[PDB]
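Asks: This one's a deposited entry, sequence included:
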Amino acid sequence: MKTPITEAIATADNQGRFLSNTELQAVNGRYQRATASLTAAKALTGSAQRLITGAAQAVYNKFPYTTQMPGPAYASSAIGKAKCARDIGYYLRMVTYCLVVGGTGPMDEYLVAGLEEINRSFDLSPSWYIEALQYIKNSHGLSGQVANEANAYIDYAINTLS
Amino acid sequence: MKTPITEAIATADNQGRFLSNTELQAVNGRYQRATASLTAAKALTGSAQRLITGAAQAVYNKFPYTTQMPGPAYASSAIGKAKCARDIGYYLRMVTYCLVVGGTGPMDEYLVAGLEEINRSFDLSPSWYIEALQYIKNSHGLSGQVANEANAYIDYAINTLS
Amino acid sequence: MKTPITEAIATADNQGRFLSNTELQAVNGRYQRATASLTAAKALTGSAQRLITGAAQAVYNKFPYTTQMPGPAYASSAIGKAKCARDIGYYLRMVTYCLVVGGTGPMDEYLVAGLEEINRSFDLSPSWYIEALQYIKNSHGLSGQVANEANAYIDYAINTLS
Amino acid sequence: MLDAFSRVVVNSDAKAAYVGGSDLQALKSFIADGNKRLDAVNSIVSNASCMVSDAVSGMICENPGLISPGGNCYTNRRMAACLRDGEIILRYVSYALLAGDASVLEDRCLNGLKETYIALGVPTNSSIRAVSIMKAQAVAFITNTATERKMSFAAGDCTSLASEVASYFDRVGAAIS
Amino acid sequence: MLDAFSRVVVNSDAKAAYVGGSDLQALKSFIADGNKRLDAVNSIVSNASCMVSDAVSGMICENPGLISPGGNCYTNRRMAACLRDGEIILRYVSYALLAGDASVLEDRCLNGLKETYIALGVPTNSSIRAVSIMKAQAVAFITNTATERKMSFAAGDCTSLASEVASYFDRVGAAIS
Amino acid sequence: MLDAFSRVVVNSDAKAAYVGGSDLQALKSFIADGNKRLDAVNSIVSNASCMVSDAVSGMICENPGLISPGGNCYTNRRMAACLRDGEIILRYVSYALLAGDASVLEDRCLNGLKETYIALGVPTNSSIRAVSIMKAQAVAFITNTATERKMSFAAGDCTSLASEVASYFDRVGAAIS
Amino acid sequence: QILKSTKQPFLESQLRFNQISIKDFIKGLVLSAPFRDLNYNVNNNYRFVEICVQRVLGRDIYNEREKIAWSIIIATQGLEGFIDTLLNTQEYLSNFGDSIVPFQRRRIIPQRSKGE
Amino acid sequence: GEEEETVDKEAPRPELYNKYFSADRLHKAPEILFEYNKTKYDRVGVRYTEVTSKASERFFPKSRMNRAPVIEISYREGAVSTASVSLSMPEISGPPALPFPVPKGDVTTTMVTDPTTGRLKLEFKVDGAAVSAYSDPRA
Amino acid sequence: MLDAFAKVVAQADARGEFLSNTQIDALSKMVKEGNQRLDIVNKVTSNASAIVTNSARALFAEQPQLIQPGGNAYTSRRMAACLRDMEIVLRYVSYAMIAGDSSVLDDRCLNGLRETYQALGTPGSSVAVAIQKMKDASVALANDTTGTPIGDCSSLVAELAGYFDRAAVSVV
Ligand SMILES: C=CC1=C(C)[C@@H](Cc2[nH]c(/C=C3N=C(/C=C4\NC(=O)[C@H](C)[C@H]4CC)C(C)=C\3CCC(=O)O)c(CCC(=O)O)c2C)NC1=O
Ligand SMILES: C=CC1=C(C)[C@@H](Cc2[nH]c(/C=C3N=C(/C=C4\NC(=O)[C@H](C)[C@H]4CC)C(C)=C\3CCC(=O)O)c(CCC(=O)O)c2C)NC1=O
Ligand SMILES: C=CC1=C(C)[C@@H](Cc2[nH]c(/C=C3N=C(/C=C4\NC(=O)[C@H](C)[C@H]4CC)C(C)=C\3CCC(=O)O)c(CCC(=O)O)c2C)NC1=O
Ligand SMILES: C=CC1=C(C)[C@@H](Cc2[nH]c(/C=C3N=C(/C=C4\NC(=O)[C@H](C)[C@H]4CC)C(C)=C\3CCC(=O)O)c(CCC(=O)O)c2C)NC1=O
Ligand SMILES: C=CC1=C(C)[C@@H](Cc2[nH]c(/C=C3N=C(/C=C4\NC(=O)[C@H](C)[C@H]4CC)C(C)=C\3CCC(=O)O)c(CCC(=O)O)c2C)NC1=O
Ligand SMILES: C=CC1=C(C)[C@@H](Cc2[nH]c(/C=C3N=C(/C=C4\NC(=O)[C@H](C)[C@H]4CC)C(C)=C\3CCC(=O)O)c(CCC(=O)O)c2C)NC1=O
Ligand SMILES: C=CC1=C(C)[C@@H](Cc2[nH]c(/C=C3N=C(/C=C4\NC(=O)[C@H](C)[C@H]4CC)C(C)=C\3CCC(=O)O)c(CCC(=O)O)c2C)NC1=O
Ligand SMILES: C=CC1=C(C)[C@@H](Cc2[nH]c(/C=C3N=C(/C=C4\NC(=O)[C@H](C)[C@H]4CC)C(C)=C\3CCC(=O)O)c(CCC(=O)O)c2C)NC1=O
Ligand SMILES: C=CC1=C(C)[C@@H](Cc2[nH]c(/C=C3N=C(/C=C4\NC(=O)[C@H](C)[C@H]4CC)C(C)=C\3CCC(=O)O)c(CCC(=O)O)c2C)NC1=O
Ligand SMILES: C=CC1=C(C)[C@@H](Cc2[nH]c(/C=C3N=C(/C=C4\NC(=O)[C@H](C)[C@H]4CC)C(C)=C\3CCC(=O)O)c(CCC(=O)O)c2C)NC1=O
Ligand SMILES: CCC1=C(C)/C(=C/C2=NC(=C\c3[nH]c(/C=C4\NC(=O)[C@H](C)[C@H]4CC)c(C)c3CCC(=O)O)/C(CCC(=O)O)=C2C)NC1=O
Ligand SMILES: CCC1=C(C)/C(=C/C2=NC(=C\c3[nH]c(/C=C4\NC(=O)[C@H](C)[C@H]4CC)c(C)c3CCC(=O)O)/C(CCC(=O)O)=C2C)NC1=O
Ligand SMILES: CCC1=C(C)/C(=C/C2=NC(=C\c3[nH]c(/C=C4\NC(=O)[C@H](C)[C@H]4CC)c(C)c3CCC(=O)O)/C(CCC(=O)O)=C2C)NC1=O
Ligand SMILES: CCC1=C(C)/C(=C/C2=NC(=C\c3[nH]c(/C=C4\NC(=O)[C@H](C)[C@H]4CC)c(C)c3CCC(=O)O)/C(CCC(=O)O)=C2C)NC1=O
């Protein structure tokens, strides 16, 4: 995963050099912004079941065909609505994994790479998940730079789908 | 010349990427070691005049043969000493240049790149040159973290010749 | 552009080979099915305005939200419906180009390469075009081996959207 | 428009100011021998950096105990602080030359400097030797009788202004005695 | 945000915090004559370094036994502590000018101030003499009636805020009376 | 050749619109600031003999290997040409700023001088050290902070304009690069 | 790994403008950031040499000492110093050159049908 | 040896001030900041930092510390219509530092000029500086 | 690459001397605005696919001759390569926002960009009018008062315009 630590290590064995002070400052700036990051990952984990079931309902209010179309790709079954709710469980879990390590490493490894090939093979529209993520982005209730860190990894998940 | 800003850019470009929050934190730590490195190379120019030949006399009183040997590659006569107000002033110049950029930039390409070819084919052995800036690392007159950041790129230049 | 003729040239050019009896049956078998494929291209050309507008309405009957939802990616306006009829006319034109050359050359070059960059950017769903092409597949009204050639290059386009 | 000059020197911060062509005629008319005086401040501050580098090294050249370990020109911040104390008095004596008085020299620079130097351990008779070179160096630049440099000037004498800085440099030496 | 002014102080912690342009007029509508009052602080804190130096040296040059060996303004650690001591009572009276009440000045600075000075042997008759020069400076700077530095202001009267700071300096002198 | 007034026309041509009030707001403020630019370029062309004096006698003291017998400015035709090669390239940027567009600089000289110069044998790093010695020579003159000659302008701040002649001369040096 | 995220759309355009060669295009793919985190972080230096000789040179490894003899190039001067000393070998130039995408040379015996 | 005085603390300080002034709340005062420039972005701010002082500031306080009025004069010969005087007092630093004692080796060191610091390498008057006088091929 | 600190190193290395004291207090002014630089690059790259597709959509509206058949941006290969180059300028402008100078934008992206376009035949006047949509969609994006506290950042938004007009005059 690409953290700010593991990219400072990565430029060192690029050249095969030792760890100088052109990489200690990269880890130093990570430790500054990790105190406004783990206060964000704590609050998203604590209100996770409020955010997930509120974001499934924001998709179903905007796209009411998905609750009533027959077929396997839609959440009109009992098992269609469970697969929808664990998908927004997966999109919130990779945001709090990315806030902990301080970079887009876990959602590059687990969400982003290979996403187009499974949304095309299983007929999942990528505008569903932007509406599930736009509900989270202005109703987590955070305030300040703790809000400014959650609105950079939710917005990174949107720009992959957008 | 590898500024810590410029490898946040160059390790956002070889992957073909916008500047994410990973590389935004590494330039924040460059803005955190900014003021504690900028008092170093400012005031090292303010005490630069003693440090050139006050370190040169810390070589000839270590090595009496360097004034006594018959050869072109020493400071024996009056023409070798005029190179010795130049060839160790280049070591004093680039240690100020590294504290401007907050990394090991300018001496990585101007000084250390292709240096054993200059050393072996002039017989300019660095047993003088390590002790040429070993007077600088303890008689600079600096305290605090301004001392440790000014001493950070001096002993990178020590270990590249040692 | 891969044709049967510009593929057997390429395997002849790989081996430095004059066009043997191996490559003179790959180009002969194109001539024994250029009869049936050029009547299918002539029939789909004449019934274009029946098949384009009929498939544009069969999309809107299956997916009624596309005529209702606001915003520029949908068929809820006059110019939104005109760009949807342009798109099925772009799709049906490349089916007839493949029946001329005898293979999937012109829809590889002009249609398929770079298509997923558009459908993610402009928020267009790939299942809007399966329903448009599954209309054209079983409403062109052809029969026999004339239908076998038109039904080969229609579901090549379904498999590059799926 | 010396009130515009005095408001620059009273605000106790860094602030740039400059004079156009109309107010320079108000400067040349209010201050007597302004064609002479503005030459005399320009002959010093063109070579003010060599004047502070020669004189305190001439103070080293006669008193070599200051660069001893334990001396007051050791520990190169403190050596540069003697160079920083070299350069303030040259800018202050040039404005004392320009205003025609020492009333800006006494309050902003000379008030309590003797008590400052005996509280900081500064050898004040060594600085008397350093400032007596400055009285010789300013006279040879005002009269243009420097041995190594000669600047172009208009013809005539400047011996009133050459004697006026000797009145101003003796006020510094009386203040630190 | 007046509480968030106080929340710089009351959490005992070194931060930096500001008030923007839209957030200014909420305080400016609330605090009466806030265009006068923000001028009243800015007349003081632009000369906050010069206000302590004329205050302490007038205490020295009127009471000359304080700089004696044995006096309480000898031994330059003790001199620098007294210059530090005049700064903290200047910033606390400047923050009392901003907040409009002395109730943050009374507990943070003046509480326990009386017997902590005879704990160290501070001559408090000189300290009341020291703060009275700052009482004369702050009525000169706010009314723009300083004898050497005038500043540019909007035209008007400021005699209420001249009397308020002169009330607030008297709470300092009564705390060490 | 393009004009800035012509620049909004081809902006409005492939767009196939008319001229609206929206992009018109840049050009009407360009009219009233036209005299300020007209107060700039008259002093660029009237001190041009000094700017081609210090173009070539300044770059030759920091690499004197061209006046050496065998160098690339040794003979008195190449001595004459280097005086001549620099006085055309500041004549072209005096044309380029009145239009505002750099394309008149590009099509006339900056398309292909680099391909000639390695067949004419001259080094490009010597050229950009002689390009940039006219760069700071230019930007003193537009602001009136030049030392030995101070000229007549009005009072203001043309640092938006002073970046523009610095926005030309790097692309002068990058063309040879 | 020919996914949408693992494509190199700026390296693809410089091939089509004939700015870089095939030999500079293979060098951009080993130094690509998908090739690091998927094929270089999950094996050691003695297995990664078995990848960069099977795929780049198109031959098998000779014996196990060649994996020992090559793996110090990656640990001293890096992966970017490892590919250009592998693309300047005579085995790369004498049958691929500056214009051929490499391939597995002589996988099968011509009378047979099984091979390697 | 440049700062061999990094901690030295001979203040007596018996602990009889702790019941009236705490250790964390010691010599700390609210400093008020002003970005007052008659502009839309004019901010007022307060911050609460440690207060330090030095013993020199009876007569040379921190605003007037090392601020001396410099004079820059542009004057060509007979060019009084474009000649000008300027006046400012910045935080003025001195020249670069004095060198080694030096016996007579190569050349002490120097520095001069406006753009950059230059610096050469003159032994005692003569300024050798890389001409390579040892030029002896062996034919 | 070079940033602003790498300027005066190489602007004094050929000059020879050390860093003079009158320059670096302007450079320690730049670290006061270091926190108002990094929000602002975070304002651009969070919306980095909503400035591209909202301005290519407003490009083909006013110029229908590019998406018409036989146009330059007609096919799906050449539509994807039109949205590719519209995002490439959005990277290298925001690279020049974080650094302090132009010299990575016009050395890696603008050095021959119009002469790339004269060889391919794309209308080089029309890429400038898509960039000037992206200039107005980003300068007006970087003046919001949500997410940051308020204060005058009027000095730093002229630098964001000044590289967007540098790509507007590079391509014609
Ligand atoms: C704007 C800036 C400004 C200045 C710098 C001065 C410069 C200055 N001084 C004089 C004119 C003069 N300048 C001098 C001064 C000197 N002559 C010497 O031999 C001494 C070395 C030196 C004194 C230090 C004298 C003696 C005269 C003639 C008498 C006089 O006009 O005062 C002239 C006129 C020259 C002429 O008649 O052609 C000028 C331009 N005046 C200014 O307005
Ligand atoms: C090692 C021991 C050592 C010294 C004792 C002094 C030597 C020295 N030089 C000058 C004297 C001077 N020094 C200068 C200064 C300068 N001249 C110039 O042309 C430059 C612009 C500038 C820096 C070199 C001037 C102008 C004089 C007066 C004229 C002269 O005697 O040269 C004086 C004062 C006159 C006197 O009383 O003798 C002394 C003591 N310098 C030393 O290094
Ligand atoms: C040696 C003995 C010695 C003294 C007797 C005092 C001198 C002194 N000055 C002031 C008085 C003052 N002091 C200042 C302060 C300043 N004025 C400025 O222009 C600067 C900005 C700032 C630092 C100098 C101001 C503004 C006044 C009030 C104006 C005035 O009456 O002088 C006062 C109080 C008024 C009074 O006289 O009652 C005294 C006692 N200082 C000494 O050192
Ligand atoms: C951001 C920081 C900030 C400030 C520093 C103040 C500054 C300030 N004060 C006033 C305006 C004023 N300021 C004063 C104050 C004074 N006038 C005097 O004659 C005395 C010398 C001095 C007393 C201390 C007075 C009397 C007015 C006019 C009445 C008023 O508006 O309060 C005005 C409006 C001026 C105008 O537009 O006409 C401003 C901007 N306001 C701010 O928002
Ligand atoms: C190497 C040998 C050598 C020279 C030939 C001179 C030439 C010279 N002049 C200037 C520097 C300058 N040169 C000029 C030009 C002029 N000033 C005027 O007012 C006149 C009208 C005009 C014709 C002489 C200007 C305006 C400056 C900037 C300094 C200033 O005046 O502010 C510079 C510094 C520019 C740089 O390198 O970055 C140099 C090298 N000085 C030298 O060291
Ligand atoms: C648009 C403007 C413009 C020009 C620059 C010239 C371009 C140009 N320059 C030179 C020619 C030259 N130009 C230079 C000048 C220089 N070489 C150096 O080493 C220095 C870096 C630099 C001085 C600053 C020299 C020295 C010659 C050589 C003349 C010769 O070879 O005889 C020639 C050859 C002339 C001939 O063969 O007759 C031409 C066409 N023409 C133009 O219309
Ligand atoms: C016949 C020849 C001819 C000219 C020389 C110009 C003359 C000229 N200059 C300006 C006017 C001006 N010129 C400047 C320019 C500057 N001021 C500075 O402080 C900088 C040093 C410099 C460049 C940045 C400024 C600031 C103004 C005033 C603003 C304005 O009205 O334009 C004006 C308008 C006001 C006036 O009438 O004076 C005119 C006509 N036009 C002409 O037709
Ligand atoms: C929170 C608010 C706050 C303050 C108000 C000051 C109060 C204060 N002052 C001093 C300490 C001191 N204060 C003075 C000041 C003076 N003595 C004189 O003779 C003059 C009259 C006057 C200066 C003008 C001196 C000289 C000392 C040091 C005494 C010593 O160390 O011997 C101490 C030291 C004891 C300790 O640290 O516990 C404290 C708390 N400091 C604070 O933290
Ligand atoms: C506005 C008034 C004003 C001045 C007059 C100068 C003077 C000055 N110099 C120093 C400070 C100093 N001044 C010197 C200077 C010297 N010591 C020597 O042995 C030489 C004789 C002489 C140089 C030629 C030294 C060595 C220090 C260092 C002491 C220190 O840093 O603590 C200090 C600080 C002392 C303190 O903190 O209290 C001041 C105010 N600066 C000013 O702001
Ligand atoms: C890793 C990413 C990263 C960032 C992007 C910045 C984000 C950031 N900005 C501010 C803080 C601020 N940020 C702004 C900025 C703005 N206000 C505006 O009107 C403009 C739209 C915008 C500039 C682009 C202002 C005005 C402040 C408060 C003033 C100040 O910084 O002191 C703060 C609080 C700390 C501080 O005050 O400096 C932080 C963390 N820092 C980071 O670590
Ligand atoms: C952690 C990274 C990760 C992602 C992103 C992921 C997506 C993912 N979503 C899937 C299915 C699905 N996703 C949905 C979701 C929805 N349908 C709706 O109607 C709603 C509008 C919407 C969201 C609420 C449905 C109904 C299926 C089942 C479709 C099928 O099986 O054909 C499947 C098929 C297998 C399955 O889970 O049954 C994958 C692989 N899997 C992953 O491991
Ligand atoms: C990239 C920066 C840089 C490096 C690393 C460098 C090394 C270097 N040192 C040199 C010479 C020299 N350097 C010295 C200095 C010394 N020799 C001693 O024995 C003394 C102990 C010591 C004095 C402190 C001397 C005496 C020569 C002359 C040798 C000769 O020319 O024969 C030379 C020959 C050219 C010259 O005369 O300068 C080079 C290239 N030069 C550079 O520009
Ligand atoms: C020949 C290969 C080729 C393809 C496939 C192609 C697709 C293509 N379809 C587009 C738009 C569009 N396509 C649609 C089509 C639809 N939306 C609906 O609601 C309907 C369900 C559906 C029609 C079946 C709409 C509404 C737009 C406009 C999107 C916008 O303006 O933002 C656009 C954006 C430009 C435009 O036409 O205005 C492209 C490039 N272009 C090509 O060159
Ligand atoms: C490293 C950064 C980088 C730059 C600067 C770059 C420019 C660049 N643009 C290109 C093509 C192109 N660029 C465009 C774009 C446009 N034409 C129009 O008419 C519109 C106005 C505009 C889109 C909005 C088009 C249509 C092509 C042709 C694609 C092809 O012929 O395959 C090509 C030919 C290769 C290709 O992409 O197909 C290059 C090299 N490529 C890069 O990789």
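Replies: Yep, that arrived. Numbers count the residues shown, from 1 in each chain, chains lettered A, B, ... in the order given. Ligands and ions are numbered 1, 2, ... in the order given.
Asks: Any residues of chain A in contact with ligand 10? List them.
Replies: A:33, A:145 (CB under 6 Å from any ligand atom). (C-beta placed from N, C-alpha, C; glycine too.)
Asks: what are the ranges of the helices in chain A?
Replies: A:4-8, A:12-15, A:24-32, A:38-46, A:48-62, A:78-101, A:105-107, A:116-119, A:126-137, A:145-161 (DSSP state H).
Asks: Identify the residue nearest residue 150 in space, chain neighbours excluded?
Replies: I went with chain A, as the question did not name one. residue A:40 (4.9 Å; CB to CB, 6 or more residues apart in numbering or on different chains).
Asks: that's the other chain; I wanted chain I
Replies: residue E:20 is the one closest to residue I:150 (CB to CB, 6+ apart), at 3.7 Å.
Asks: Please look at residue D:57 and residue H:101 and confirm they touch.
Replies: No: using CB atoms under 8 Å, residue D:57 is not in contact with residue H:101, being 10.9 Å away.
Asks: Pick out whichever of the two has more residues nearby.
Replies: residue D:57 (18 against 14; other CB atoms under 10 Å in any protein chain shown).
Asks: Identify the residues contacting that one.
Replies: residue H:98 (CB atoms under 8 Å, 6 or more residues apart in numbering or on different chains).
Asks: any idea how far the residue most central in space within chain H is from ligand 1?
Replies: Centroid-nearest residue in chain H: residue H:93, 4.1 Å away (criterion: CA atoms, centre = their mean). According to CB to the nearest ligand atom, to the nearest Å, residue H:93 and ligand 1 sit 26 Å apart.
Asks: Would you mind confirming that that residue is in contact with residue B:46?
Replies: Yes: using CB under 8 Å, residue H:93 is in contact with residue B:46, at 6.6 Å.
Asks: Quickly list what's touching both of these two.
Replies: D:80, I:21.
Asks: Residues touching the helix or strand harbouring residue G:49, excluding its own?
Replies: Using DSSP states H and E, the element containing residue G:49 is helix G:45-54. The contact list for helix G:45-54 (CB under 8 Å, 6+ apart) reads G:30, G:39-40, G:43, G:59-61, G:66-68, G:70-71, G:74-75, G:82-83, G:86, G:104.
Asks: Please list which of those also come close to ligand 5.
Replies: Within these, nothing lies near ligand 5 by CB under 6 Å from any ligand atom.
Asks: Point me to the residue of chain G nearest chain C.
Replies: For chain G and chain C, the shortest gap (CB to the nearest CB) falls at residue G:4, measuring 6.9 Å.
Asks: Find the residue closest to that residue in space, skipping its chain neighbours.
Replies: Using CB to CB, 6+ apart, the nearest residue to residue G:4 is residue A:116, at 4.4 Å.
Asks: Leaving out sequence neighbours, find the closest residue to residue D:26.
Replies: Residue nearest to residue D:26 in three dimensions, not counting chain neighbours: residue D:1, with 4.9 Å by CB to CB, 6+ apart.
Asks: What's the local residue count around the one you found?
Replies: Residues near residue D:1, counting by other CB under 10 Å: 13.
Asks: Equivalent analysis for the one 10 residues further on, please.
Replies: Counted with other CB under 10 Å, residues neighbouring residue D:11 total 17.
Asks: Then residue A:63?
Replies: For residue A:63, the count of nearby residues is 18 (other CB under 10 Å).
Asks: hang on, it packs against residue A:130?
Replies: No: at 11.2 Å, residue A:63 does not count as touching residue A:130 under the criterion of CB under 8 Å.
Asks: Now for the closest residue to residue I:164 other than its chain neighbours: which residues touch it?
Replies: Counting by CB to CB, 6+ apart, the nearest residue to residue I:164 once its immediate chain neighbours are dropped is residue I:135, at 3.7 Å. Counting by CB under 8 Å, 6+ apart, residue I:135 touches I:161, I:164-165, I:168.
Asks: Repeat that for residue D:41.
Replies: Residue D:41 touches D:94, D:97-98, H:71, H:73, counting by CB under 8 Å, 6+ apart.
Asks: let's see it at 10 Å
Replies: Going by CB atoms under 10 Å, 6 or more residues apart in numbering or on different chains, residue D:41 touches D:93-98, D:142, D:161, D:165, H:71, H:73, H:85.
Asks: so which strand or helix has it?
Replies: Per DSSP H and E: helix D:34-45 holds residue D:41.
Asks: re the thing from before, redo the helices of chain A as TSV? Include mean neighbour count.
Replies: Shown next, in TSV, are the helices of chain A (neighbours: other CB atoms under 10 Å in any protein chain shown):
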stretch	mean neighbour count
helix A:4-8	21
helix A:12-15	16
helix A:24-32	20
helix A:38-46	17
helix A:48-62	17
helix A:78-101	18
helix A:105-107	22
helix A:116-119	15
helix A:126-137	20
helix A:145-161	21
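Asks: closest one to residue B:96 among those helices?
Replies: With CB to CB as the criterion, residue B:96 lies closest to helix A:24-32 of the helices of chain A, at 18.0 Å.
Asks: How far does the closest one sit from its chain's centre?
Replies: Here helix A:24-32 is found 23 Å from its chain centre; the criterion is CA atoms, centre = their mean, to the nearest Å.
Asks: Give me the angle between it and helix A:78-101.
Replies: 120 degrees (axes from the mean of the first three to the mean of the last three CA atoms, to 10 degrees).
Asks: Mind checking if helix A:24-32 is in reach of chain E?
Replies: No: judged by CB under 10 Å from any CB of the partner chain, helix A:24-32 stays clear of chain E, getting no closer than 14.5 Å.
Asks: could you say what helices and strands that helix packs with?
Replies: Helices and strands touching helix A:24-32, by 3 or more CB pairs under 10 Å, 6 or more residues apart in numbering or on different chains; DSSP states H and E, are helix A:4-8, helix B:21-30.
Asks: In a markdown table: the ones you listed, plus distance to residue B:158.
Replies: What follows is those, written out as a markdown table (distance: least, CB to CB, whole Å):
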| stretch | distance to residue B:158 |
| --- | --- |
| helix A:4-8 | 22 |
| helix B:21-30 | 24 |
